[PDB]
Amino acid sequence: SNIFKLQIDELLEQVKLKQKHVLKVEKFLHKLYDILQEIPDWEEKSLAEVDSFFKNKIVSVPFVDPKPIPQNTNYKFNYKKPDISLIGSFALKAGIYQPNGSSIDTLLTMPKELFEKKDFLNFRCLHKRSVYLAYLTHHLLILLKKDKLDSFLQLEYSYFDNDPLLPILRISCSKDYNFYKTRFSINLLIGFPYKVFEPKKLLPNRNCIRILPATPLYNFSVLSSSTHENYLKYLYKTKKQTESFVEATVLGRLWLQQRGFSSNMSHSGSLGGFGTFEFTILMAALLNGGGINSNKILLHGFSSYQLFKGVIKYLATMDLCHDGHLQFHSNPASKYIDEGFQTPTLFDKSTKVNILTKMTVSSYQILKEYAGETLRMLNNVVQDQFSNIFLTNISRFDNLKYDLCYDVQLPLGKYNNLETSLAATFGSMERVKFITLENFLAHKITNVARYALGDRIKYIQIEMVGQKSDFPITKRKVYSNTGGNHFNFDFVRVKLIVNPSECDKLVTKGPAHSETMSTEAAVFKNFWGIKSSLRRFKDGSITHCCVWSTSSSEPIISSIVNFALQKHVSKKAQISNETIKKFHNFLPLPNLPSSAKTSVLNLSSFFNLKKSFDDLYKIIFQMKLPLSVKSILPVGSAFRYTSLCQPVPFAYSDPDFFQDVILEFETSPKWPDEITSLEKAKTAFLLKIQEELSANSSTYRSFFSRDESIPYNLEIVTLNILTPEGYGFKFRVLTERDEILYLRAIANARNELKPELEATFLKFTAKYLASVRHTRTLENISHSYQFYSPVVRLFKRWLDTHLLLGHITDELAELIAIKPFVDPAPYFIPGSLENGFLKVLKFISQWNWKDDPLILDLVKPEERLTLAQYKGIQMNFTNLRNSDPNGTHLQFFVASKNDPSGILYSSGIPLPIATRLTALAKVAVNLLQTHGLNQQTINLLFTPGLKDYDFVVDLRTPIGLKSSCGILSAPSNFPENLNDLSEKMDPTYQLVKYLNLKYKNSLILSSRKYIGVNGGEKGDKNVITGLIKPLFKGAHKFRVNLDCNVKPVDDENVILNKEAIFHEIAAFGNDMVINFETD
Amino acid sequence: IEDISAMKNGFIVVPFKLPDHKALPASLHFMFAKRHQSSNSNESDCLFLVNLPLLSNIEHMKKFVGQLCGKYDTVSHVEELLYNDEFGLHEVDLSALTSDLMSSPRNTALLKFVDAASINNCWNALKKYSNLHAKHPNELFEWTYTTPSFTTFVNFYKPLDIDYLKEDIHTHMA
């Protein structure tokens, strides 16, 4: 807790530009408001002739629907002069310099005796507002034409704060007196006087409007458009009170900006409705109140970060919407009533206004948990995440922020076709409640989404995409037939963040069925109808249900949104997300009985080989060695729920088929003191296990395979039990005389062989010792992080399409992918598979190696990495980075409590492969922000390679191996000899491993190790890409230690023996090798 | 250009062919050779051999020797090959590095002789082959690939045979 105020001063130094971008803006501001001073008065009229006054004139007049008729509006217009001051962000000096450009604020208040005391009937108060600004802007365009500034400024009718019932006039400049640099637009918004009425008609429950529904939008909008200066009056009172306020408002407003809550409005489908001035007036309320015993929660005698802490702790803890609120008055305490209004509420007595009624229940419901999450990530003293809490824009992409996104195409036709296209109601009470059809059906579609899902998702957000908040003078509103309607969108993004525990629960229960059936059960069977059902279970429990059909491609969340869309809001709408099905059938389908109708969170094949290992586990405990088994325990990918083609029985060509599993015996003192004798003694134990197993449990098949992964000990022989249930296991023996034997090898090795022997011991520690706690923490974390297993499955599919997986280890990819789960901040936990995968890609693009490590605490939410251990991993990361500054050999530093060293999983990977990973992730993120998620977008995201690689050796196996690998578009037995598995399996990965292991100084190779996860439908084609070292850019002369294959042409120079070396590759695999290409 | 057939310090280029590939439209491999002696056992009277193919075992280096003997009647006592760490499996000896006994450069090979007549005969003979292949590379004696690679090395998925590793473990423990 020492760098935070330096971060405050640093972010302020980036944000202040407070003379050169603002003094000439004040100059043009002086010009504009003295122009509007010099605009004169205008007298009594009637709208039945102001229509002909605006008949063929260039100006137009905005309104709300319905358009005014002269019959019920025998109406009058007067034009007097307000005296202007400055308001808000500019007047409190909080200008933020976006590439987009913030707005500015202006004052057009209103006198008293030009309008009567009955502005509470059918919006003609805002009609005289509209005609007022219409004549003012026509005289402003005349003053444009006579003050010669026609060529560069532009006047624009607009919807103020995305509200169709408040129009404004914004000047924006288009290409001494012309200007384009700082934030652009100036507006022309109105004000009404302060005291207009009697005290009982400003509570938003009231009605006075035509055929008692409340009009909360109406009697909040007239109140907001009346009081735009009381807020600044007590705001400057609090400004005279506190010194913390400008720093408070600037850090709160860029907080709200980089998490996307703008102050437009939330009703018509926009993430936002909460903003900086609502934030500051509730800050001042919480400053001079906040307790039931009048506890002033904030004291205003100290700095800004603690007031930020206090105000977001308040608005994160204390609930405002569903049950009561604290209300405050100004002309000043605050106190809690417990009356929930089904609306985010905070109430006044000086203004008597409900300020957050511009903002929806769903937007408050998601913003409160944004605030709870930012409490969670700035109440932890261990890390430093100012970049997470104030720097990264989490709203800039449409799918890191939300788990699921669907289209809602609405080809409803026209406003008069709405009757028999829209399946909801369209009547007097609903359009006098919700002002426009856009926010009406947005509210209705959020309600039917929440009732269709309930606890099956966390939070909902709707947005009308393509919504436009400005319109030219040539048309009275927006009138553009976009996407199939005359309405202010083209289609609808429905967006979900999901409770991952109940994604694919195929029964959503209603109430229990009593005889006189309950009213919410009636609502349930009205909502479901043909799909609703009366129900009992295996415990004898009657309820109301509806069942679903789980599929690997389509999750049932899509079908339940499809049903609740094509029943209750339209019949001819279209709902789809083909991206979801695209990566869901990128994931390999196992050859299991009824495996197309399984889910994606289904771990049943993993449970099946776990049970077969339990049977082998029992029959290997119950036997007798001369030295009995201490612990047999599994360590493989199928046991930490990670293999791509999840294991079907009898699948030879799966390289994850043979599962790694480690047994250890007692701590016997009779181990031999030498490494090859120790390996042969361990295999003597394995030979006795094999002979007793083949003696008694004859239904298991067994052979021996020589391990070659640990370098320079050629005696490691592993056996291979082939279960009758259809699985294979690589049994190994761990002793207590191995790690101390390798450490004394480090000791008495030759002095220039210590890094090579430490590489050997790091491969040993990564394989036997640390892998056990690795698979423990991953198996124990997968059941709280339920999308982790499929996001690693297609993350390694992605990584094998791009064929880095022969170099980057599996466990390194597992740690890379568990980073956005154990630390999802500032984003949330991935509740969908695409969300997890592109959060992985976004992080590994965004993450820089040399300055920052990647620590990660593998713990479930709500054992954890403490401050001392965190500083220790920072210290040995610092030691690694100042022993090597630019990452020559140690290229990723990932570390946990299971590995404080960091070197373990990332050793032996080359710099072209590591930079290929980072560069390809940055290409992916750049392409996603270029085009967005589309079918061809995902398709070239998963296309293999086609970049600056230099060899393409093209390969086929004499038989396709997806039948015998378990990916279906049948193997069920083992042959009479256990050597036909050789020609049923593929050689390509270990052959290219020997190629790289011999050519390791001259060039690096690669291959796709899983041949038919990525190699076509037949499952046959694999590539081998070579890449010459940057050392071999010229033509060296022959030395003794340069490790190449040479073709000298002159006396001095040698060159790569290229043709003969890829011919020798072709001879080493010529039954497999069928084609060669240079780039 | 091929007529350069003598390097800076004693090196000899020995070229030979590569056989047919199904997707290649004169694939040529070189060896480098010097020679050296010492007072020790097998590092005496020995030629260096650089840029040797994949897993060059005994018997096809021996058919190379045998076609030289059946061609020019050279004196040649070579029937074992020394110090071919082909892929990189024997840089250290971890057994003697953590053991009581068994004690006592990159991509090079170490081909001994026993006779001064044999080393001078093979030296000037292969120098004459280097010169004649330098001015005409056409129909030299070549690489008879009666495949050693697919038999003597395809063991990666072949299981280790039971009685063989039983006898190995038994004699080593004994």
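Residues numbered from 1 in each chain as written, not as in the entry; some residues may be left out. Chains lettered and ligands numbered in written order. Part of a larger assembly, values for the part shown. Heavy atoms only, no water.

Structure determination for this PDB entry is given in the record as cryo-EM, at a resolution of 3.7 Å.

Caption draft 1: Looking closely at the environment of A:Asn977. Examined against the element boundaries, A:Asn977 turns out to sit in the loop between β18 (951–956) and α29 (980–984). On the accessibility criterion, A:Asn977 (37% relative accessible area) is partly exposed. (Helix = DSSP H or I, 4+ residues; strand = E, 2+ residues; numbered from the N terminus. Buried < 20%, exposed > 50% of the residue type's maximum accessible area, 1.4 Å probe, protein only.)

Caption draft 2: Structural view of the interface of chain A and chain B. Tallying the contact residues gives 67 residues for chain A and 53 residues for chain B. On inspection of chain A and its partner chain B, the count reaches three salt bridges. For A:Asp1051, the salt bridge identified is with B:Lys8, shortest N-O distance 3.2 Å. For the side of chain A that touches chain B, the elements supplying multiple residues, two or more each, are α20 (675–696), β13 (701–706), α21 (739–748), α22 (754–781), α30 (988–998), α32 (1058–1068) and β22 (1073–1078) of chain A. (Contact = heavy atoms within 4.5 Å. Salt bridge = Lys/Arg side-chain N within 4 Å of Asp/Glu carboxyl O.)

Caption draft 3: Just the environment of A:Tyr949, in detail. Residue and element names in this part refer to chain A. Relative to the elements of secondary structure, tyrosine 949 occurs in the loop between α28 (935–941) and β18. Distance from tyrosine 949 to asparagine 879, taken between C-alpha atoms, is 34 Å for residues 70 residues apart in sequence. With residues up to four places along the chain from it excluded, the contact list for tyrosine 949 reads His802, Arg916, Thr1025, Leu1027 and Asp1079. A polar contact of 3.4 Å, which involves the side chain of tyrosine 949, links it to the side chain of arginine 916. (Polar contact = N/O pair within 3.5 Å; in protein donor to acceptor, adjacent residues only side chain to side chain.)

Caption draft 4: Looking closely at the pattern of salt bridges. A complete count under the given rule lists 33 salt bridges over all chains for this structure. Here A:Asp161 makes a salt bridge to A:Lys358, at a shortest N to O gap of 3.8 Å. Taking relative accessible area as the criterion, A:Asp161 reaches 22% and is therefore assigned partly exposed. Between A:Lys998 and B:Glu86 there is a salt bridge; the shortest N-O distance is 3.9 Å. A residue pair is termed interchain when its members come from two chains, as with A:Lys998 in helix α30 and B:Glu86 in the loop between α1 (58–72) and α2 (94–97). Of the two residues, A:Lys998 and B:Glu86, neither departs from the other in class, the shared state being buried.

Caption draft 5: Geometry of a negative patch on the surface. A cluster of acidic residues, A:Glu43, A:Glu44, A:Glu49 and A:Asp51, forms a negative patch at the surface. Within the fold, A:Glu44 resides in the loop between α2 (23–38) and α3 (47–53). (Patch = residues over 30% accessible without salt bridge, like charges linked within 9 Å, V, L, I, M, F, W, Y side chains within 5 Å. Areas by Shrake-Rupley, 256 points an atom, 1.4 Å probe, with all protein chains shown as cover. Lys, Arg positive; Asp, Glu negative; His and termini not counted. Charge placed at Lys NZ, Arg CZ, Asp CG, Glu CD.)

Caption draft 6: Representation of empty space enclosed by the protein within the structure. Residue and element names in this part refer to chain B. Taken as a whole, the largest cavity encloses approximately 560 Å³ of empty space. Every residue lining the largest cavity is counted, 36 residues in all, and those nearest its centre are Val14, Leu47, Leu49, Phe64 and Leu126. Looking at the lining of the largest cavity, the elements with two or more residues in it are β1 (12–17), β2 (28–36), β3 (46–50), α1 and α3 (116–135). Considering every element that reaches the lining of the largest cavity, the biggest residue donor is α1, with nine residues. Here the lining of the largest cavity is built from residues that sort into 27 nonpolar, four polar and five charged. Looking at which domains feed residues into the lining of the largest cavity, each of domain 1 (1–114) and domain 2 (115–174) supplies at least three. (1 Å grid on protein atoms, 1.4 Å probe; cavity = no way out; pocket = protein on both sides within 12 Å on 5 of 7 lines; lining within 4 Å. Points joined across faces, edges and corners; volume = space filled by probe spheres on them. Nonpolar A, V, L, I, M, F, W, Y, C, P; charged D, E, K, R; others polar. Domains from an automatic or database assignment.)

Caption draft 7: Representation of the sheet that holds strand β12 (residues 658–665) of chain A. Residues and elements named next belong to chain A. As summarised here, the arrangement of the five strands in space is β11-β12-β15-β14-β13, forming an open sheet in which the pairing is mixed. Two strands in the sheet have a free side with no partner beyond their single neighbour: β11 (629–634) and β13. Averaged over all pairs of adjacent strands, the angle between their axes in this sheet comes to 30°, without regard to strand direction. Relative to strand β14 (residues 717–722), β13 runs antiparallel, the two sharing six bridges. In the sheet register, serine 705 faces β14, and the bridge partner there is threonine 718. Packing of α22 onto the sheet brings it into contact with β11, β12 and β15 (728–734), and relative to β15 it is tilted by some 110°. (Pairing = 2+ DSSP bridges. Axes fitted to C-alpha atoms, helices over the stretch in contact; angles between N-to-C directions.)

Caption draft 8: The arrangement of the packing of aromatic side chains in detail. According to the stated counting rule, one finds 72 aromatic pairs over all chains in the structure shown. Seen from their ring centres, A:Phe308 and A:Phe390 are 5.2 Å apart, and the 45° between their planes marks the pair as tilted. In this pair, the class of A:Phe308 matches that of A:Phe390, namely buried. Here the aromatic rings of A:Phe613 and A:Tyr617 are separated by 5.7 Å at their centres, their planes lie at 45°, and the arrangement is tilted. Of the two residues, A:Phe613 and A:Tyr617 are both situated in helix α19 (residues 604–621); the distance of four residues between them amounts to about one turn of the helix. Among the residues examined, A:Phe613 registers a relative accessible area of 3% and is labelled buried. Judged by its relative accessible area of 30%, A:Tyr617 is partly exposed. Clustering of aromatic rings is evident, with ring pairs tying together A:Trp42, A:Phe53, A:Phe54, A:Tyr79, A:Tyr132 and A:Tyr135. A cation over a ring is seen here: A:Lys531 above A:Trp548, with NZ or CZ 4.6 Å from the ring centre. In this structure, B:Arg35 packs its charged tip against the face of B:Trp123, placed 4.1 Å from the ring centre. (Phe/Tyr/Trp six-rings, centres within 6.5 Å; stacked < 30°, edge-to-face > 60°. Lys NZ or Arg CZ within 6 Å of the ring centre and 35° of its normal.)

Caption draft 9: Local environment of the nonpolar core. Core analysis: the biggest nonpolar cluster contains 216 residues, and A:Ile312, A:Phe795, A:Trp798, A:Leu799, A:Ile844 and A:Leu917 have the highest contact counts within it. Every residue in contact with A:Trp798, bar those within four places of it in the chain, is listed here: A:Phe837, A:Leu841, A:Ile844, A:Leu917, A:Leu920, A:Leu941 and A:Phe942. Formed by 56 residues, the second largest nonpolar core is a distinct cluster that contains A:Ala681, A:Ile689, A:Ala749 and B:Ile169. (Core = buried A, V, L, I, M, F, W, Y, C linked by side-chain atoms within 4.5 Å.)

Caption draft 10: Expanded view of the packing of helix α9 (residues 276–287) of chain A against helix α10 (residues 304–317) of chain A. Residues and elements named next belong to chain A. Following both chains from N to C, one finds α9 and α10 inclined at 95°, their axes separated by 10 Å at the closest point. Our classification of the angle between α9 and α10 gives roughly perpendicular. Side by side, α9 and α10 meet where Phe279, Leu282, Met283 and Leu286 of the first sit next to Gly310, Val311, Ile312, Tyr314 and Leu315 of the second. Grouping the amino acids of the contact of α9 with α10 by side-chain chemistry returns eight nonpolar, one polar and no charged. (Parallel < 35°, antiparallel > 145°, perpendicular 65-115°, else oblique.)

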